[PDB]
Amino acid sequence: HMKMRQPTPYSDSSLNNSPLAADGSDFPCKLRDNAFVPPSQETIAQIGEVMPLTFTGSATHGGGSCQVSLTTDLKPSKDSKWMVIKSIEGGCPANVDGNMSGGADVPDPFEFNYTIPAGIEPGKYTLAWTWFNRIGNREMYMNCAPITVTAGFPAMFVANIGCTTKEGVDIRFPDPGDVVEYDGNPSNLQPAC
């Protein structure tokens, strides 16, 4: 149970910590009433700029693995095409064995980053954070945010909503892309579905 804090998600006031529905019904982005209201301030990412990726919550489930992906759709649906720009294998959204202190609203002390690479054209996108928790039920977490790319790829991995991950491991994505980061404990890294 975690949510993305930066970049600021769509409709943050109605966005909870829960994973995607196990039946796939609310993929992508936790579909619900008024799910795609932009935050007030524009999130601007210059090509090549190191951008923050940060989280809220204490139920870190021993970490796991995450992707950062972009689509041109501003109200994503099941038909949206995603482009993975970063994979984090292990230690996302935290490198601890289990859960952390502080309740549902605590800023997660482990912080991350992403960079818009040269092959992404300036324009408006939706950015998705996806997360496959290491410990607990086999879930997929997902939050989405509007971003504007200014001047200054693999498809997104989907599982746990026939492709089912193994409890206890930090998964390694089949096609993680050319920007892959390992932030976890070597003993938990997958020797994906």
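Numbering starts at 1 and runs along the sequence shown.
Unmodelled deposited residues flanked by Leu53 on one side and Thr54 on the other = Unresolved stretch here: none.
Interresidue gap class [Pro191, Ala192; deposited sequence, unmodelled] | 4 to 9 residues lack coordinates between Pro191 and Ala192.
Do the C-alpha atoms of 31-39 or of 65-73 have the higher average B factor in the entry?
-> Mean C-alpha B-factor is greater for 31-39.
Where do the C-alpha atoms have the higher mean temperature factor in this entry, in 79-87 or in 101-109?
-> It is 101-109.
Tell me which of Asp170, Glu181, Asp175, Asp178 tops the list for C-alpha B factor in the record.
-> So the option with the highest C-alpha B-factor is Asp178.
Using the B-factor values recorded in the entry, state whether the Cα atom of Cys92 falls in the lowest, middle or highest third among the modelled residues of its chain.
-> Within its chain, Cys92 is a lowest-third residue by C-alpha B-factor, going by the deposited values.
For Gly57, return the chain-relative third of its C-alpha B-factor as stated in the PDB record: lowest, middle or highest.
-> It belongs to the middle third of the chain when residues are ordered by C-alpha B-factor.
Entry-reported Cα temperature factor of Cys163, expressed as the chain third it lands in | Answer is highest: the recorded C-alpha B-factor places it there.
Chain-wide C-alpha B factor ranking for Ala22, given as lowest, middle or highest third | Top third by C-alpha B-factor.
Mind checking which third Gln6 falls in for C-alpha B-factor across the chain?
-> Middle third - that is where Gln6 ends up once the chain's C-alpha B-factors are sorted.
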